[PDB]
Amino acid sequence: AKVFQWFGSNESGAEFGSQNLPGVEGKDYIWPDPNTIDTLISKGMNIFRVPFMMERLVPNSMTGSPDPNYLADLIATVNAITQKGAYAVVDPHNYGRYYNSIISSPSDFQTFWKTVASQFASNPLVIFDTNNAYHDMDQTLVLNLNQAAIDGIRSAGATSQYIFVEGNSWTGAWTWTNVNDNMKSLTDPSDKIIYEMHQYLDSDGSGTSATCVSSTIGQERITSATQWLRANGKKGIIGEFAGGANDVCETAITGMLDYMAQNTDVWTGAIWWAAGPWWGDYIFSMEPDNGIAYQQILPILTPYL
């Protein structure tokens, strides 16, 4: 029935209001609604990516103890996804930075990851995502941070779970081959690395405009990444993508997903940005029942589900 291994949505909210640390739940940030996740599951989605802030989960020093209350909501969100049989992606949505400084210690990052993985180590439907969208930082450091995360996760006995690794240049698919070639060297004793790339369809690829460049821009922008995955014997996932509810973007989205469906030897699937309870009239909202993408884009995603 389904075309891809995974197809689903980001569930954004716990990383909102990032200028306020620790911030206040219900005021600066909010966790996803399990009831609307249930609706997306009924439509055929089977993966939900859950952004959160490292600084809220493990305050002050990333080698320290977790904050019990923010951790409790991360756990509740994750286990509600997995109790339904869907995969939950644990995403420290941190851009390679902690208190807005580049994470320069792989050893500290490895300890952070042992701490996080230890909370989920027996749940095979959890997916660990090393960090969202590394950018503007040393390329060997990005490799070493991803490897430190893998090592920390596996050291906790979390050996059944997939690990989504992310590259530099905001992990963009269109920029992957000439920036992130060194990422092919990552190692995992469980052999469960998936290369997570992001792809937006507006002029600069920022995903801040509802206008897409053209009706073929998604396919165009992931073609070289597809060939890189195949040449290197790797698997990938599109962990964020979106376009506006308009004709050109819808055609680009269909074209991109149809191209991925012809290349499932390397593409494991795709994850829309974004659902979550605090989006309102956001141009990309996948939140049931009234998000614009839930109403107008989901019908073009259903062929893959």
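Counting begins at 1, following the sequence as shown.
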On average, which has the higher Cα B-factor in the deposited entry, 228-236 or 203-211?
203-211
Stretch exceeding the other in mean C-alpha B-factor - 108-116, 75-83:
75-83
Would you mind checking which of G172, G152, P124, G96 has the top Cα temperature factor in the PDB entry?
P124
Sort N168, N100, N144, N132 by C-alpha B-factor from the entry and give me just the highest.
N100
Against its chain's modelled residues, does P51's Cα B factor rank lowest, middle or highest third?
lowest
Which third, lowest, middle or highest, does the CA B-factor of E11 fall in along this chain?
lowest
Chain thirds by Cα B factor, record data; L40 belongs to the middle
Please say which third, lowest, middle or highest, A261 falls into when its CA temperature factor is compared across its chain.
highest
Relative C-alpha B-factor of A275, binned into the chain's lowest, middle or highest third:
lowest
